[PDB]
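First up is the structure itself, then whatever we jot down about it.
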Amino acid sequence: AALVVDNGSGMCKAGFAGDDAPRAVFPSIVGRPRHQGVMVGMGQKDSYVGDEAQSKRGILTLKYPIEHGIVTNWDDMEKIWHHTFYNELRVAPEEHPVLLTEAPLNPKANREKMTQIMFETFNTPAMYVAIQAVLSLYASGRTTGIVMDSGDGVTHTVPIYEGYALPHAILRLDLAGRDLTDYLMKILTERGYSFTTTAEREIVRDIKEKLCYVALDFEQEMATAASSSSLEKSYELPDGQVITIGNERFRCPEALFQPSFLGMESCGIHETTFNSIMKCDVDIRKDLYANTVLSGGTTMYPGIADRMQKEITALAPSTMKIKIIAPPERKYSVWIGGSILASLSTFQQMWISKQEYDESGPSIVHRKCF
Amino acid sequence: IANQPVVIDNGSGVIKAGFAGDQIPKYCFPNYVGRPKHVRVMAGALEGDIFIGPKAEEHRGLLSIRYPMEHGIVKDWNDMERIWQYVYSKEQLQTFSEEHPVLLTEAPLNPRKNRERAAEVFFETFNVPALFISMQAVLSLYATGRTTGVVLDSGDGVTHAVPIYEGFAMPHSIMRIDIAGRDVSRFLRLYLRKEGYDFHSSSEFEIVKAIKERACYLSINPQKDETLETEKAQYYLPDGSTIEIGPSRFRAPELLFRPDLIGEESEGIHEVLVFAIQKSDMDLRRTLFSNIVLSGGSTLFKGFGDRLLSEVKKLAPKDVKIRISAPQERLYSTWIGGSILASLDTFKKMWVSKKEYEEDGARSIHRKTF
Amino acid sequence: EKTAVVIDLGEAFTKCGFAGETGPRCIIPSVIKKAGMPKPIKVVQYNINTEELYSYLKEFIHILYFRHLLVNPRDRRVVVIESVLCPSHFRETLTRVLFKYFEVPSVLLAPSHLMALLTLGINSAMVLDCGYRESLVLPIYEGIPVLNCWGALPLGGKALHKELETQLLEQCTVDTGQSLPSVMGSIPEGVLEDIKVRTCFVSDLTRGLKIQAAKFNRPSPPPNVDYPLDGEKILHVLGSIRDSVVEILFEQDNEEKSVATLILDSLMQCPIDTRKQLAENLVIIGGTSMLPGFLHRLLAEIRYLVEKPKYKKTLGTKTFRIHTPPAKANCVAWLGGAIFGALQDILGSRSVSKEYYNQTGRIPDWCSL
Ligand SMILES: Nc1ncnc2c1ncn2[C@@H]1O[C@H](COP(=O)(O)OP(=O)(O)OP(=O)(O)O)[C@@H](O)[C@H]1O
Ligand SMILES: Nc1ncnc2c1ncn2[C@@H]1O[C@H](COP(=O)(O)OP(=O)(O)O)[C@@H](O)[C@H]1O
Ligand SMILES: Nc1ncnc2c1ncn2[C@@H]1O[C@H](COP(=O)(O)OP(=O)(O)O)[C@@H](O)[C@H]1O
């Protein structure tokens, strides 16, 4: 009946309500070609979208519409929604209701503009905007627990206890997968593997997904890298060329735990989660320590849950029992939560309608959200 | 051992050398290795079979030229060793490498492997007592006398913009492109194929550089110059035949502001200057706009600075006092700063000694530069 | 409804006919026959008076459409297959002659490499067009031609003609009317084309290396055959000479350039994602490619250059396949333009019309604004 559409900054995920996993999965990209006066043969698309842009990557200027969970170009975001509904899902938006997701502490105008596009342009019967962390917690099954959500757009934390979100203890963070990908691309240039153009941005992203892992101890990993060359793995590109890097596997995702490398002057993901828990009430800290949930693609590095356990225990008192909930399906946890929320019978009375939107306007969504 | 140190200003297009505490570099010549195309039948001919400096400039037609450096990064190391040997030899400097310390120059964000291999050459093949590698932006500010300001530069290899404020070089605010004088010469050659006057050989490529240096001007409005019909001005070759240049003279340097005509995605000179100022902190932006310094040979086009102002006025915030300063000696600005840096008493502390290199190795060179 | 005209101009030959027909109707050479003239003048020339070129193009078009097409092009569209990097001066002159003098309904100045790609029916390909004047490379990826990745040495038909003229003059053996070498200073171009078509045997890679070794401090000299000529002056042309003339096309040393190296330089310039599809689809077209036993010598030379250390660090292991076209190697560019014009009355709309030319000024070349 209802459609769930997790508009992620990287991978735009979408499908149906009451499902195990999403059908439509693709990178939210809109590649426009090299505009030269020379002609093109047997016709082509003026602006590609999704997997088509990824396939024909070499030529196209890959521009993401969402930057840090914030929609910059709205015409680009409108084309991706259109690509999700008609091409991938093969179903009109007028029949099915549409669950959407944004990160917490976003601009207030973005929900209003997102909702305006759904009702005016797409003619949706009913829509809703949920917090990503709230859905990630709902996919995991627990009512209680903090959610250290981390995608390519935005890392953020939302502490919740017994089905009561703590909006003032929320802490949004500028560090994310895209900033890690840019950092890996820079340190690759330092060892003679220069990647400037946006076509190579996806190759270094794919290198980041495969090889990189979180260090248990950074100074120890740096010492072993200088001594031995067993850690130095090789990755072959789409092209037959193959490259080898030693230091850059553990050093790339260390930027999460040490933002000083990127030049952000912010708290690391390990202590940002701690600072979120300390901002909550003193009586409900034990359960937040016990249920330290992870979600998103930036939590898919091997050994990240072990590093979070080391750092949070180091920050917190010795008496506390720290525990990180790190499921196998944490990459697609936000969408799974939306599918379970859409499947419930209580959610049928929580939708916005066309008549309610015509009466109120875009400002009705802020009341419905939280 | 504290003799008068040598300042070798590197560069892909041109290489310059001399001594510390001088006004202008006495020894300037283009950075390439000329090798003969034809057979040398007659006795008493040009001996050696490896031509560097004024001999290679004199005998263009015989020699197949090839540049060892590309985008501020040496490809052919044996050629650069021969050029450095020619600099030190009796044909140019008339001094030994054993006596004097060395001041080398490199572009920012280059491969570290090339910097290590550069140091290996200077320490082992030549027997240098002390070596120091430095940035181009820091040297330009030494030559002007300022501490604050952005340094936009445009040589033959690299175009980069490093913002510095009262002796504080910002590493994360650095922008870099592979669009420069060599590429501008390559597209002028491409455009002269469309005019009719085709060029192919590497000696014949230097005619295109000579046309670029002499007869090129940057239009303020490129759309207005296109709608109008050009006058088709003339130019005499070293051979004798006249060449109607036409619209290729104004469309060639447009590259630097519009790299979409390439078919390879780049920021451009005007965006890099704005982006470097934008990426720095909020309070530093207005001081960085007021102190903009130009350098390199590809800033010497007619109406370049007038266009570079107009692009800043378009992009930058309104009602801000822009000031693109530029010295009289723009090509030699980097060498003058090195000679000033070498003459200062602090220079002894900054360098890498031969003994320190033998003990530590590459790690000590990476620590001293930053 | 209306089958469009197809033209493919050039310095040596000119492929022309109807759109839709598999291959052209005729191919008259580029030169023209004038009354009261010693030698025939070439039509396609660069860097020369505007009004003279205009008259030369009118004269060539007039002798063309009566003999070739048998119709007025005033009824239907035209496809002028200009090679990319054909001078804008020459295009403007072509545009003037087609609209001002004749008054055609529409024209098109589309590139040769993209149309040659339409014949294969694949969207991505590395393409090489070895014509008369130049041997131009241009890779296409998914329709769009990648422009800054390119190359064109002055090493086509005209370079082979000049080498034949040099080597025959050095070692000459003419009959009486025996001895008597270097009697005539020069020889005509039409005869020298017929010698290249018939005599010139293209060598293998191992034979080519042996010839290069012999030139700088002799193996496999045969075979040799004489060539007949008018006015009772047969010349006994040798077998080692014609092989040496073919060898300069693949000569690497001291330029770092050749027909084979030009593809590798074009591949070097191209991006990383584009790289492998261009290597897989390497198309060879043009006039010089019609020579007997050419495609092996190229593919073997390409592979030898990839084995060299300088190209291993970028290219490495690559499956260099040469997907050949339906029509002959010279006439691939024309067949593509015939496919482009015949089928699509829709894609005729994107091209420049007579209504657009008068008010505006000119057909838009790949330039600013
Ligand atoms: N196996 C992996 N290891 C490390 N990082 C990964 C891995 N897979 C994906 N990523 C990173 O995470 C991103 C995947 O996005 P994700 O599935 O988290 O949704 P999203 O688009 O970030 O939306 P949201 O912000 O709602 O999570 C990629 O852009 C990539 O940079
Ligand atoms: N007057 C000029 N106008 C335009 N371009 C010039 C002029 N003088 C030099 N150039 C170009 O700029 C280059 C010189 O810049 P330079 O900073 O020395 O580069 P590098 O430091 O990389 O050698 C030359 O290679 C030349 O192509
Ligand atoms: N059947 C053939 N066999 C061998 N060589 C040929 C044949 N036809 C043409 N050529 C050669 O190819 C050249 C023609 O090149 P062409 O494709 O017409 O270039 P362009 O189209 O740029 O003028 C001539 O120099 C000629 O010697």
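Just so you know, the protein sequences line up as chains H, I and J, in that order.
If you want the deposited numbering, it's the 1-based position in the first sequence plus 5.
If you want the deposited numbering, it's the 1-based position in the second sequence plus 6.
Take the third sequence: its letters are residues 12 to 188, 193 to 232, 239 to 390, numbered as in the deposited numbering.
All C-beta atoms, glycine included, are put in the ideal place defined by N, C-alpha and C.
Just the chain I side, please: which residues come within less than 8 angstroms of residue i by C-beta, in chain order?
{"i": "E195(H)", "result": "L115, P117, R118"}
{"i": "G251(H)", "result": "Those within 8 angstroms of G251(H) in chain I number zero; the least Cβ separation is about 12 angstroms."}
{"i": "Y57(J)", "result": "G202"}
{"i": "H124(J)", "result": "Correct list: empty, because the minimum Cβ distance to chain I is about 14 angstroms."}
{"i": "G273(H)", "result": "Within 8 angstroms Cβ-Cβ: nothing; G273(H) doesn't reach chain I, min ~17 angstroms."}
{"i": "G268(H)", "result": "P177, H178"}
Kindly list, in the order they appear in chain H, the residues whose Cβ is closer than 8 angstroms to that of residue i.
{"i": "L320(J)", "result": "In chain order: nothing, as chain H lies at least about 18 angstroms away."}
Identify which residue in the options has its Cα closest to the Cα of residue i.
{"i": "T340(I)", "options": "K360(I), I328(I), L300(I)", "result": "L300(I)"}
{"i": "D82(I)", "options": "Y92(I), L234(I), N120(I)", "result": "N120(I)"}
{"i": "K213(H)", "options": "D222(H), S239(H), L185(H), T194(H)", "result": "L185(H)"}
{"i": "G34(J)", "options": "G358(J), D386(J), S372(J), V185(J)", "result": "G358(J)"}
{"i": "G48(H)", "options": "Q380(J), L164(J), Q365(J)", "result": "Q365(J)"}
{"i": "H178(I)", "options": "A282(I), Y171(I), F205(I)", "result": "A282(I)"}
{"i": "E100(H)", "options": "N296(H), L261(H), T106(H), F21(H)", "result": "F21(H)"}
{"i": "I343(J)", "options": "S372(J), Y112(J), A300(J)", "result": "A300(J)"}
{"i": "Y294(H)", "options": "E93(H), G301(H), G302(H), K284(H)", "result": "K284(H)"}
{"i": "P242(J)", "options": "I255(J), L220(J), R263(J)", "result": "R263(J)"}
To the nearest angstrom, how far is it from the Cα of residue i to the Cα of residue j?
{"i": "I251(I)", "j": "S135(J)", "result": "34 angstroms"}
{"i": "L236(H)", "j": "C217(H)", "result": "11 angstroms"}
{"i": "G28(J)", "j": "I208(H)", "result": "47 angstroms"}
{"i": "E97(I)", "j": "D162(I)", "result": "25 angstroms"}
{"i": "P60(I)", "j": "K200(I)", "result": "32 angstroms"}
{"i": "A167(I)", "j": "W387(J)", "result": "31 angstroms"}
{"i": "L131(J)", "j": "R210(H)", "result": "34 angstroms"}
{"i": "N232(J)", "j": "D274(J)", "result": "15 angstroms"}
{"i": "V139(H)", "j": "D288(H)", "result": "21 angstroms"}
{"i": "residue 392(I)", "j": "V318(I)", "result": "Only positions 7 to 376 of chain I appear in this structure, which leaves residue 392(I) out of reach."}
Between residue i and chain J, is any beta-carbon pair separated by less than 7 angstroms?
{"i": "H206(I)", "result": "yes"}
{"i": "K61(I)", "result": "no"}
{"i": "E76(I)", "result": "no"}
{"i": "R199(I)", "result": "yes"}
{"i": "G274(I)", "result": "no"}
{"i": "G308(H)", "result": "no"}
{"i": "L176(H)", "result": "no"}
{"i": "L189(H)", "result": "no"}
{"i": "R62(H)", "result": "yes"}
{"i": "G55(H)", "result": "no"}
Run down chain H in chain order and give the residues with a C-beta less than 7 angstroms from the C-beta of residue i.
{"i": "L129(J)", "result": "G46, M47"}
Just to check, is the beta-carbon of residue i closer than 6 angstroms to a non-hydrogen atom of ligand 5?
{"i": "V339(H)", "result": "In the structure shown, ligand 5 is absent; the only ligands present are ligand 1, ligand 2 and ligand 3."}
Quick one: which chain I residues come within Cβ less than 7 angstroms of residue i?
{"i": "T186(H)", "result": "Correct list: empty, because the minimum Cβ distance to chain I is about 15 angstroms."}
{"i": "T66(H)", "result": "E271"}
Determine the chain H residues that contact residue i at a beta-carbon separation under 9 angstroms, and present them in chain order.
{"i": "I92(J)", "result": "What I92(J) touches in chain H: nothing, since even the nearest Cβ is about 12 angstroms away."}
If we define contact as Cβ-Cβ less than 7 angstroms, is residue i a contact residue for chain H?
{"i": "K339(J)", "result": "yes"}
{"i": "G269(I)", "result": "yes"}
{"i": "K331(J)", "result": "no"}
{"i": "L158(J)", "result": "yes"}
{"i": "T381(J)", "result": "no"}
Any C-beta of chain I sitting closer than 7 angstroms to the C-beta of residue i?
{"i": "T126(H)", "result": "no"}
What residues from chain J crowd round residue i, counting only those whose CB sits closer than 7 angstroms?
{"i": "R257(I)", "result": "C388, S389"}
Starting from residue i, find everything on chain J with Cβ-Cβ shorter than 8 angstroms and list it in chain order.
{"i": "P228(I)", "result": "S389, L390"}
Chain-ordered residues of the stretch 175-188 of chain I with a beta carbon less than 9 angstroms from chain H:
Those residues of the stretch 175-188 of chain I placed with their C-beta closer than 9 angstroms to a C-beta in chain H are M176, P177, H178, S179, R182, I183, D184, ordered along the chain.
Short of 8 angstroms Cβ to Cβ, which residues in the stretch 18-43 of chain H face chain J?
When C-beta distances to chain J are compared with 8 angstroms, the residues of the stretch 18-43 of chain H below that value are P38, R39, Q41, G42, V43, in chain order.
Note down, in chain order, all residues in the stretch 198-221 of chain H with a beta-carbon under 7 angstroms from any beta-carbon belonging to chain J.
Residues of the stretch 198-221 of chain H with a Cβ closer than 7 angstroms to any Cβ of chain J, in chain order: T202, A204, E205, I208.
Any residues in the stretch 344-366 of chain I with a beta carbon nearer than 7 angstroms to a beta carbon of chain H? Which ones, in chain order?
Residues: none.
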